[PDB]
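S.K.: sequence first, structure after, both from an experimental entry:
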Amino acid sequence: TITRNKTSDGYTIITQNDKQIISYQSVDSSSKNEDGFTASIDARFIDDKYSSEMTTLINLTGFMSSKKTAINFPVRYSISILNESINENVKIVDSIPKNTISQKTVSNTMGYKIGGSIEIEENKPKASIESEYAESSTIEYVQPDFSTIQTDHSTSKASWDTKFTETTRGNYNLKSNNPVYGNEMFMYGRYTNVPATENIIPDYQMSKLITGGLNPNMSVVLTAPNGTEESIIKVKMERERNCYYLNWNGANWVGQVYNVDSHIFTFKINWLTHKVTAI
Amino acid sequence: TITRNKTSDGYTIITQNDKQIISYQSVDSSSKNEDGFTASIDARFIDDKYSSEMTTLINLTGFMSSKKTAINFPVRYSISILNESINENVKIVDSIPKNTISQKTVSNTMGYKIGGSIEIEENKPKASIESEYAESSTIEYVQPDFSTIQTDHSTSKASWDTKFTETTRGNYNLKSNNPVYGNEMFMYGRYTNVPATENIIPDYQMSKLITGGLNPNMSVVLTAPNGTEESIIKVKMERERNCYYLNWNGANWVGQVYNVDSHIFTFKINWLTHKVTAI
Amino acid sequence: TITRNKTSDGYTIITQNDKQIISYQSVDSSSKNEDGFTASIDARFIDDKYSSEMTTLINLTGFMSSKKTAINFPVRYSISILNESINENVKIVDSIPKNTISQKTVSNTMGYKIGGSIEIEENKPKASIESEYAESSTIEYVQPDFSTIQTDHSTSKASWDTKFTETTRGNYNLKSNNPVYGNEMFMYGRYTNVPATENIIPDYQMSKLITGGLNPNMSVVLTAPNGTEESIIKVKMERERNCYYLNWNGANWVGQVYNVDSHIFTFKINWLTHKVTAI
Amino acid sequence: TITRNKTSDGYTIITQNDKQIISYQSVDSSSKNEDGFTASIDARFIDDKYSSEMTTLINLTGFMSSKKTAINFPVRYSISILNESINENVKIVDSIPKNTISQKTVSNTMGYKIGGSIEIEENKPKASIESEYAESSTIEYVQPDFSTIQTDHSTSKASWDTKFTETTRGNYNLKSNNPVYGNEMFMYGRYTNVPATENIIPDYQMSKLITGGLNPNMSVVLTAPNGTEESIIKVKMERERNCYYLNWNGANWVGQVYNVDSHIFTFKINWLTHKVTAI
Amino acid sequence: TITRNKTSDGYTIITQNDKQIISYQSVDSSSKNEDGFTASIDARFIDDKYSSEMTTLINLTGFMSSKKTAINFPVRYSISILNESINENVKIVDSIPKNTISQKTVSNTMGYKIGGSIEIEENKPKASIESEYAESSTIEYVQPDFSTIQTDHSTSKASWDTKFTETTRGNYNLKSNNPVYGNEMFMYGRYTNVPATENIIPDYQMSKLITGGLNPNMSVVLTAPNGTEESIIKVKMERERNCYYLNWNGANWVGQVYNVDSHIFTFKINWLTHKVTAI
Amino acid sequence: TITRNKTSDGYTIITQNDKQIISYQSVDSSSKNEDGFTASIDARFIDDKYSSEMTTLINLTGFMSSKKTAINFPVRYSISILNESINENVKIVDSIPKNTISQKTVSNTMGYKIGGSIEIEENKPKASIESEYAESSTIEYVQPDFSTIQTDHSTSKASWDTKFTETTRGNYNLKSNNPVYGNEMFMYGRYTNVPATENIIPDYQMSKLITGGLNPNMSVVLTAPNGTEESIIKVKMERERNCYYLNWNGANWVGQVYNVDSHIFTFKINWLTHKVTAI
Amino acid sequence: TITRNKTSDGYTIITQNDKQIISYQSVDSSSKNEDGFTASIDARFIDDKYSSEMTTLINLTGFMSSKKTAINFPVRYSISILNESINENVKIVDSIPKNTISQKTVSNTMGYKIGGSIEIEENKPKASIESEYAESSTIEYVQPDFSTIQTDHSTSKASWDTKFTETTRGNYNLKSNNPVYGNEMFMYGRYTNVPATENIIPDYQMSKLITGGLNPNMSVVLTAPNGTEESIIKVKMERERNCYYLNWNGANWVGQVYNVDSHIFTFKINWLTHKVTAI
């Protein structure tokens, strides 16, 4: 699979190799500083001699910053990729993150005990017999701090999102309700008797994704028939947040839990020149 | 992919190989001894025949020393990388350290017990029946001594930082408060009755990052269109510290916890000559 | 990347390979027998066709012997590497040993129990109900016998040191104080009633680094602009020791814990001839 | 890196390869049957085109047999390698066995329990409340049966040794002392009432190194400037032993614990001819 | 490192490769059916262009069968290899099986408990306080069923042997002595009341090496100066056995424990012709 | 190590490679359906340029079916390979399955407890002190369901066999004897009160080797001097079985345990033609 | 091992490689929809230059569907492969699935406890001494849900089968019998008081092989002398099923457990043309 050529001047020889798979890579980035939204697209174009149609791989990356008495704290992120050239026969054949099935560990035990006691006192007998029976079981599983679920996949739209799950210490969630303390999420001490600002929980116990932004990684595969030259890609990003509130109720420290930011980014693809640009 | 040439004098043959990916590497360092701040930049330039634009990888390393009655002890470090040639279309497409999601291990068990005892004394019966029911659960997780969170990523600025977390022995933190002993961080004995200097805790129990400086490792990827010749990189470093205080309260040994150093370094990049220098 | 040549006499052919990275290695050693100090420097010179400046790797090794009623026993070692050609633009860009962050394992459990007992005697009832509640937690970590902390890194000086930590049996340290036995480090039996020399602890329980010397391993990277021919390297070594004392207090065996050796070694480097020598 | 030659007679072609690293190996052995001492030296000579000086690797192996009422039993071995050509600039740059730092596993737990019991008798109440608090910790480590410590390293002399540590069953050592049984090392039964010879402990429980000899493995690296032709190596071997004694004290079986063999071997090295011989 | 030659007839080309290390292998076996002794020697001859002397590797294998009221049962095996050409400068430089050092696992724990109970009866107080303290330790190790110890190594003789250790069930050994049952090795039931032959223990619980023979694997390295042509190797094999006896003592089943086979094999080696034969 | 040749017609070139080790493989099978005995021999012939004598590897495989109130059930299998050409200097140098040494895990623990209780009643003291001491040990090992022991190895005969060991549930064996239930091997229920045929144990609990036949794997190495042309191999197979019997004894279900099949197969080997056939 | 040829027209060169082992593969399938029986045969033909006879590998695969108050549920599957060309010297030398030997884990422990209590009341002593002794053991093993046993292997016939074993929850089997509940296999609740159809057990708890069909994997090796052209292979498949029945007995829910499908498939093999077809 080599092509060679000789020359008269100096007997120069120029050999070249004929390869099967050739890829090209281009990257593009864009940002909206007012919302703390940044997105990058990495595109790879694959030239294969045995394939019937053109293939482009569209990786996505970026940063969604998380913003931070009462404290505002995010609760949900959402990312969507839209194919806007459907009438040109450009199609979304695959998306990398997928849904999986969890595993649980189960154990069961059953036991029997029997005991006989003879007690000889001074010329006095006390015979006692005892019997016991027991059964138990154990369940084990593993719990992430955030959960990512693919929600849609079609010829034009792939949509993913993530949501708040639970705290590592105390196992509280957004729906808990203690009769006299309300919601004890992000509460240090019930009776510390210090200013509200000082009663909040140390930051390190909070998840990294609440203090700092999420870092997406998503990939989509596109194909097209021979000759296609242009394509538009739209990326939609949404963020939802809520607020936690803490106050006095007599001597008790009690709390309670009660907008949406979004932006659309556009990119243009050139298949013939192997180029990706912002638009 | 080889180019060969012959010569008349001695039939000398000079073969050369044509490769796809060629990299170049240059390093530069600088320091500010008065603050104990040192920074190094390692730059790699990548020449790829199939890529549409130039790529430079900018690794960063350095040393931030930690300085050390009352004892001063650091509490937070912060590093920021700034791209200052935005109007020339030089862009930050990627940053290596990222945010991750932790895992927790959860177990639950439930059990039942039943017991029957027959006690025959001298012509005296004593029948007793007992019943028990129990439930329990266990949570497991892993805790670092320091925590690093990425806080910003954009076209121009990437900012990281680290903060104090907790002690390995005693699990104290910066917000603890015992009613009669105050804060027991870095306290050997409550009643040792020795001079204040002697009551401090042995150094080895303290984290390495408090006794000795942090060693950063950060990487940033830059790209540019064809022909770009120059670029300015700014690196900002900040350190925050606080003080611990211990005194007598009658017979009790009690304690309490109550500036910011910074510097900006500048580097110049030459794309055409593959050079990095201080400035 | 091959250069070939033919000859008339016997048609002798001499082929040579053109390689990218070429390294050279030289080693040098020196000692001071009076103090039991020995040091060795291994230098590697790297010739790279794609690098902008010369690089030399300076590994360091050696032996610091530990010297050994009252017994003298070391407590701290310290090593420092000094670059003495700063005005010639020879710079220390990297040092291999670094500071790291430890990990802790944390577990928490909470449980509930309930029990009902019915006791039918001869026409006599005795109903009893019991209830229990419990909580606990466990912390795990790992402890070395000696600890090495990097204390300084700059353009000219890199300084490391090591210190005594604790005993494997008994978990004593240099600051412990029992009211009636004093310090029980290196004490076999409180009441053995044998001569002082015989009451010391068997040697094997002591750490290897106290009975025998430390074996350093340190590496430093140096770079220089084209044409540099000479460089001076200074290596400083210090050792600190203390004494343990044991005596009678009536029938009780009690103890207590109450100079500094140093030397500077010099080496000369020749970049052009790829040579390292003592000086 | 190939040299080729053609010939007229039969067109014979003789190709040779030019390699970078060439090693040579020679071995020599010697023994002293009266003391059960045997020693072997394996020497490797390295020819490197990029090294500034000659290097020889001197591995050492051998057998030191252990000799075996009262029973004689070894307690310490010692090996030393001496370089006797210091005035010719032949130097010991490295020795393979080194000192290492051990690891300990530490755990701590704290727990709380609370219990309330209500006991209704025939019109009689008996309310009881109980409370418990507990704390504990665990230490784990690993213990060899023999211990090897490097004791000296210098330009001329490297010295190692090994010593007896403890028994696998009973954890006795050379300094133990029971008031009425003395030392119970190597004692089967306190009251077996059989002849002294029969009361000794079965051999298999004893360590292999006491029943049979130690098998040393030691390596030393030597270097020299160009042109060196000869070198003398001295190997010193010492063995220390003691005796265990057992007798009657009324009905009790009691015991107690109360020379040095050595030899020097000589070897001659020839650098130019790559030869090692006894001398 | 290739030698090539051309020919006129048909332009036949015969290329040969010049290799550095060439080995030759020959095997020989012999047996003595009357004693169930079989031995095999595998010899490998190594031709190395960079070595100063000839080397031969002498592996050994074979079968020693174990022979089997009163039952005869082996207790010790012994193998020895003798070099009988010492005056020709043929020497034993190495032997493969060696002595090793075992490892033990040690743990220690200490705990404290405290408990307070308040008991309010009908106008009657019963205050009780309890306190507990505990300490414990654990030792772990691993035990083979047979043990192999190298006992001698010299210029002429290498001698190994193996001995009986203990039973897997019951942990008995050759020196145990129960006052009323004697030795309970190989005894099924104390009171089974069946004929002596029937009271023996099932065979599977016995070690494989007692029911069936040992399979030795031993290796010895020999070297010689240039020109050596012949060598004699002697292999000595010994086996020791004892007897177990069982009888009635009233109603109790009691037992007690109270020649040597050997043979010498001879082999002849031819260095020049690379041959091994029986003799 | 290549031989090449050119030709005039079409310039045809025929290259051949000269290799060191060449093997040949032939297989043969035979059966005796009346006894359910099948045997296969796989023979490999090795041609080595550096070996002094010819080598043949004789693998063996086959099937021995197991045959199946009173139930017949096998108890022992035995396989023997016989070399019948001893007078032609054809010898058995090696046999693959061998005897091995097992491992046991041993642990020991010792602990001390002490407790002091103070009980203040209404003006009544009850001081109690308690003390405890405990010791324990644990033994672990692994148990196969069948056991294979090599029993003989010589110049002419290699003999192996396998025997019944124990049940996975209940740990019974062939020598157990309960006073009132006899042998409880293969008994479902003592009082099920169903026909004898129905009281047998479900088949799955029985070992696979009793329900279905054993699958042997044995290998033997033969060597011979140059020129040998023929060899006879005899394979002997034996199987032993016994019977289990169950009956009523009043209301109790009791049991008790109270020929030999064999065949010889013959094979012929041709060394010169590399052939194996039945005979 | 290459054959090359040149040509005049365009100097075309056609090189071919001579390989040692060449394989051919053909597959064939067939089904009987009325019984849900499907079978596939994959045949591989091996041409080896060093083998004395032809070899064909016959893999087998397929699907046997399982069919599903009273519920019919399978209980046994059986597969048999028949060689029908015995008189042509076509022979079955090997079959891949085989019988194996299981492993059990056994542990034993023995312990001793001793306790002394002193109780000083108001001028009243109560000395109590207690003693305890205990022994225990543990057995571990692993249990599949279905079991496959090879039952026959001969020159013409290889027969395998599988059978029902036990339930994962409750450990019931086909022979269990509770006096008042009968067989509790596939029974949800004893007193649920819902229609019979509703009391059956949820499907997921049942084994996959009962709800869905078995997927066989079997392989057989055939050999033949040179020149063989045709061969017939017969595959026999059988399935056995039974029924479970449940009804009322007063207030109790009780149950009890009380045809055979088969088919023969035929395939034809062509050795010379390397073809497999249905017949």
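M.R.: Thanks, I have it. Numbering: from 1, shown residues only, chains lettered A, B, ... in the order given.

S.K.: residue A:198 should be in a helix, yeah?
M.R.: Yes - note on residue A:198: a helix contains this position according to DSSP: H, G, I helix; E, B strand; the rest coil.

S.K.: and it, how many neighbours?
M.R.: Other residues near residue A:198 come to 13 when the count uses other Cβ atoms under 10 Å in any protein chain shown. Just so you know, the C-beta spots here come from the backbone N, C-alpha and C atoms, and that holds for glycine as well.

S.K.: which residues does the residue in the stretch 51-200 of chain A positioned nearest to chain G form a beta bridge with?
M.R.: Closest approach of the stretch 51-200 of chain A to chain G (Cβ to the nearest Cβ) occurs at residue A:108, with a separation of 8.1 Å. According to DSSP bridges, the partner residues bridging residue A:108 are residue A:137.

S.K.: the one 4 residues further on now?
M.R.: Beta-bridge partners for residue A:112, by DSSP bridges, are residue A:133.

S.K.: surely it and residue A:132 touch.
M.R.: Yes - if you go by Cβ atoms under 8 Å, residue A:112 and residue A:132 touch, sitting 7.3 Å apart.

S.K.: and the two? Which one has more around it.
M.R.: Applying other Cβ under 10 Å to residue A:112 and residue A:132 shows that residue A:132 carries more neighbours, namely 16 against 8.

S.K.: shouldn't the more buried one be in contact with residue B:115?
M.R.: Yes - look at residue A:132 against residue B:115 with Cβ under 8 Å: they come within range, at 4.3 Å.

S.K.: residue A:133: what's it in contact with?
M.R.: Remark: with contacts taken as Cβ atoms under 8 Å, 6 or more residues apart in numbering or on different chains, residue A:133 is in contact with A:111-113, B:113-115.

S.K.: now it: how far from chain C?
M.R.: In this structure, residue A:133 and chain C are 15 Å apart, going by Cβ to the nearest Cβ, to the nearest Å.

S.K.: so how far is residue G:203 from that residue?
M.R.: Distance of residue A:133 to residue G:203, computed by Cβ to Cβ, to the nearest Å: 31 Å.

S.K.: again, but for residue A:171
M.R.: Here the criterion is Cβ to Cβ. By it, residue A:171 lies 33 Å from residue G:203.

S.K.: try residue A:158
M.R.: As judged by Cβ to Cβ, residue A:158 and residue G:203 stand 34 Å apart.

S.K.: more neighbours: those two, which one.
M.R.: For the pair residue A:158 and residue G:203, the greater number of neighbours falls to residue A:158 (23 against 9), based on other Cβ under 10 Å.

S.K.: that one reaches residue A:92, doesn't it?
M.R.: Yes - contact criterion Cβ under 8 Å: residue A:158 and residue A:92 qualify, at 6.3 Å.

S.K.: any shared contact partners between those two?
M.R.: Common neighbours of residue A:158 and residue A:92 are listed as A:81, A:220 (criterion: Cβ under 8 Å, 6+ apart).

S.K.: how about the helix or strand containing residue A:150, does it get close to chain B?
M.R.: Using DSSP states H and E, residue A:150 sits in strand A:146-153. Yes - under the criterion of Cβ under 8 Å from any Cβ of the partner chain, strand A:146-153 makes contact with chain B via residue A:146.

S.K.: okay, that strand in CSV with CA atoms only?
M.R.: Extracted in CSV, the C-alpha atoms of strand A:146-153 (Å, rounded to 0.1, in the frame of the first residue of the first chain):
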residue,chain,number,x,y,z
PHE,A,146,-25.5,13.7,42.1
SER,A,147,-27.4,11.7,39.5
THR,A,148,-27.3,12.1,35.7
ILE,A,149,-30.2,10.7,33.6
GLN,A,150,-30.5,10.7,29.9
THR,A,151,-34.0,12.0,29.1
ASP,A,152,-34.3,12.2,25.4
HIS,A,153,-32.7,10.8,22.2
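
S.K.: so what are the sheet partners of that strand and their directions?
M.R.: In the sheet, strand A:146-153 lines up with strand A:157-164 (antiparallel) (DSSP bridges).

S.K.: now the stretch 51-200 of chain A against chain F: closest residue?
M.R.: Proximity to chain F, evaluated over the stretch 51-200 of chain A using Cβ to the nearest Cβ, is greatest for residue A:110 at 16.6 Å.

S.K.: which SSE is the nearest residue to that residue once chain neighbours are set aside in?
M.R.: Excluding its sequence neighbours, the residue lying closest to residue A:110 (Cβ to Cβ, 6 or more residues apart in numbering or on different chains) is residue A:135, at 4.8 Å. Element membership for residue A:135 (DSSP H and E) is strand A:127-144.

S.K.: helix/strand/coil for residue A:174?
M.R.: Residue A:174 is classified as coil under three-state DSSP.

S.K.: hmm, back to that, make CSV out of the contacts of residue A:133 and add distance to residue G:65.
M.R.: Compiled in CSV, the contacts of residue A:133 are given as follows (distance: Cβ to Cβ, whole Å):
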residue, distance to residue G:65
A:111, 42
A:112, 43
A:113, 48
B:113, 46
B:114, 46
B:115, 51
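
S.K.: quick one: which helix or strand includes residue A:155?
M.R.: Assigning secondary structure by DSSP H and E places residue A:155 outside every helix and strand.

S.K.: residue contacts, it?
M.R.: Residue A:155 is in contact with A:83, A:86, A:91-92, counting by Cβ under 8 Å, 6+ apart.

S.K.: re earlier: count the neighbours of the residue nearest to residue A:110 for me.
M.R.: 13.

S.K.: relative to residue B:198, how far out is the closest residue to chain B within chain A?
M.R.: Closest to chain B within chain A is residue A:136: 3.1 Å, counting by Cβ to the nearest Cβ. When Cβ to Cβ is the yardstick, residue A:136 and residue B:198 sit 53 Å from each other.

S.K.: now residue A:134
M.R.: Between residue A:134 and residue B:198 the distance is 55 Å, computed by Cβ to Cβ.

S.K.: still on that earlier bit, out of the contacts of residue A:133, which are buried?
M.R.: With neighbours counted by 16 or more other Cβ atoms under 10 Å in any protein chain shown, the contacts of residue A:133 contain buried members at B:113, B:115.

S.K.: spatially central residue in chain A, please.
M.R.: For chain A, the residue sitting closest to the mean C-alpha position, by Cα atoms, centre = their mean, is residue A:148 at 4.1 Å.

S.K.: bridging residues for that one?
M.R.: Going by DSSP bridges, residue A:148 is paired in beta bridges with residue A:162.

S.K.: right, and it touches residue A:99 too?
M.R.: No - with contacts defined as Cβ under 8 Å, residue A:148 does not count as touching residue A:99, sitting 9.7 Å away.

S.K.: list the buried residues of the helix or strand harbouring residue A:256.
M.R.: Assigned by DSSP H and E, residue A:256 falls within strand A:252-257. Neighbour counts over strand A:252-257 (16+ other Cβ under 10 Å) mark A:253-255, A:257 as buried.
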